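Two forms, one chain: they're shown below as structure tokens, one block per form, named structure 1 and structure 2.
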Structure 1
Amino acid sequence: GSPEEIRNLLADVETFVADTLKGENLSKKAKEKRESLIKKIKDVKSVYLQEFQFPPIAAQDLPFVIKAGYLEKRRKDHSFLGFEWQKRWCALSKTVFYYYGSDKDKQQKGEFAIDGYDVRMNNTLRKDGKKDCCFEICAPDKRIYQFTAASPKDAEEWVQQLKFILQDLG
């Protein structure tokens, strides 16, 4: 419709209907309907095909780098469409979160100011053994960034550092 936010919704819808309701004790009518909705959810993904058809600054020149490190990164609204996680060097430079191809790049792939964002651990973003490594950074404009960190601790440290900056600076 007006896309990111809608794909954010449908991603939550799919998590719900496909996983949350799995194991639940449902009527026969509700089971049959759940299977339906999953198929419809699947098919609608093709619709967003046609869609896919702050100054630059080097990694090593970022000032006041409060935290930096390699993370896997993925936007929520890409996730719904099945896009792979991307290895990124992430840096929190002052109040602005930056992401690059590696720590030696001369220019960022993207960045965003964290004012107003929320952050949390979220163990449901992945099905494998790395799921304990995951957190998300929620935009106000409904944009959501998902990460996998290199260990459960690595993630917690990111969420703490980011949570500190988000709320102890009012």
Structure 2
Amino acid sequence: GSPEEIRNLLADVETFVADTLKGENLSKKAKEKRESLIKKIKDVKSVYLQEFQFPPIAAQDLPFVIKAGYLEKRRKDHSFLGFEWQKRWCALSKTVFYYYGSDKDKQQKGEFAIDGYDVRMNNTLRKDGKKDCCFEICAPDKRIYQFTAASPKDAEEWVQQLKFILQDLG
């Protein structure tokens, strides 16, 4: 509605209905209703997506997918050794960046939490005509992920979205 405070409420609502009432000695009608409300609480979470725009998990079950798309991906330290870019379906699910073989896979090839990372355009990562499509996601532990996006715009949109999440959430 006018958001923070409402999400503050719904958080308390969820704590209540899901935990506080757990174990309680409730009518059959009240139990059935509690299960309902929990599901509805769950589904409503997706609504606050536009505002923002590790266990195995399928591509299609990722919750709160802020951005997803095909990118080429390559770690910096593989690049030095001459390893080819890999086509990956990348997803930013909440604060965690996931990568898969395609959007239908049942399990991720890898992921990482972006807290603390930096991101930027970087036109030097490739020698061909696709070099304008490139950005990198820097780890604190010095790990660096390089991407090529499908167009200069595709890349910029990724860097903007990721930069938004990295710094407007403190």
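Throughout, rigid core stands for the largest set of C-alpha atoms superposing within 1.5 Å between the two forms. Only residues modelled in both forms are compared. Reference numbering: structure 1, starting with residue 1.
Residue showing a CA shift of 2 Å or more between structure 1 and structure 2 (rigid core superposed; candidates 35, 115, 141, 61): 35.
Core-superposed comparison between structure 1 and structure 2: the CA of residue 22 exceeds or equals a 2 Å shift. Once both forms are fitted on their core, a CA shift of 2 Å or more is seen for residue 46 between structure 1 and structure 2. A movement of the C-alpha atom of residue 11 reaching 2 angstroms or beyond is seen between structure 1 and structure 2 when the two forms are aligned on their rigid core. On rigid-core superposition between structure 1 and structure 2, the C-alpha of residue 157 is found to move 0.0 angstrom. Shifted segments between structure 1 and structure 2, defined as at least 3 consecutive common residues whose CA atoms all move 2 Å or more after rigid-core fitting, occur once only, at 1 to 53.
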